[PDB]
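Provided below as structure tokens are two forms of one protein chain, presented individually as structure 1 and structure 2.
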Structure 1
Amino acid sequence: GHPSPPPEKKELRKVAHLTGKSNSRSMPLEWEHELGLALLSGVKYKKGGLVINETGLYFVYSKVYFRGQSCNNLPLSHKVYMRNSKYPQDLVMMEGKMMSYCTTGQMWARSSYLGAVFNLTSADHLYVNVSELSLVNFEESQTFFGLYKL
């Protein structure tokens, strides 16, 4: 019911830090958003997506820790994308790709980091995609997705 005065609106900071969730087969990725190192305040989480409720500038970031037991140079993409009524098709915001990154047969590991400033609108939905779910390690310190309002 009652609106929050801009002093009380501004005490509650708009922030998300979502951490890797190993027990999901989903794409886009699902995330931990309550316990451990995770944070969620003033932004909604649903089905792997961060759902913006206040229009404005935000810094958005994601790290993915890729690893495997036997290198075959399967290409590794990592993206942050958005869906809203203007881009019901998805808009890629940030993306990186690894090809020709390990020696064949060897145990391997490599991370990808994405971060940038975006102007987001209320009801924008933000997600993380990767090319090979099985080649992601989901420890909270290794694989993560977040943002904050500027």
Structure 2
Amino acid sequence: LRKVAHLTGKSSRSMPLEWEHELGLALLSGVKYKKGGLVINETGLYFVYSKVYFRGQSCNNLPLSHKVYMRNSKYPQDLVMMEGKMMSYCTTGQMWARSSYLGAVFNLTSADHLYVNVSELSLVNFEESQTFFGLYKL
């Protein structure tokens, strides 16, 4: 059975983000979710992706950052896999909305924990069709 995940937005105040993994459009099959992270359990090639939807009443061009990263035990430090940054993206003062999409292929090892992370947690909107984090084994 194909190793796969589609996690969707969830309400908490933590970095990294935490995700819904059962209800609605969520999927999780042969891969684990633990404290915000997807936990690889078969070394291999995977396509990994995340979208996050930002929005606010009053544009002030706070820098927006969107990161997929990896950790394990083997070394005591986050490794960033994909990242977007947005600056000067709304007209100051206006209601605004924009999304960041990341998707790419990675060779990953068993025991790798993958996480998504973000600059302005207040700016994030957590609707399930708008903000998500997934992968599948090739």
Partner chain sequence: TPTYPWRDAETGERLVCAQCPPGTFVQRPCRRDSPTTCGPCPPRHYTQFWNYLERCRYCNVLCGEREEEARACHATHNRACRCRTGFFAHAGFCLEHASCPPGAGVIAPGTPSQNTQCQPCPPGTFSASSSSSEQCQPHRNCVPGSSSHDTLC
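All residue numbers here follow the sequence of structure 1, with the first residue given the number 1. In this text, the rigid core denotes the largest set of C-alpha atoms whose superposition between the two forms falls within 1.5 Å.
- Annotation: structure 1 represents the form solved without its partner chain, while structure 2 represents the other form.
- Annotation: the position in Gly115, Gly105, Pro88, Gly56 displaced by at least 2 Å at CA between the two structures, with the core superposed, corresponds to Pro88.
- Core-superposed comparison between the two structures: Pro75 shows a Cα shift of 0.1 Å.
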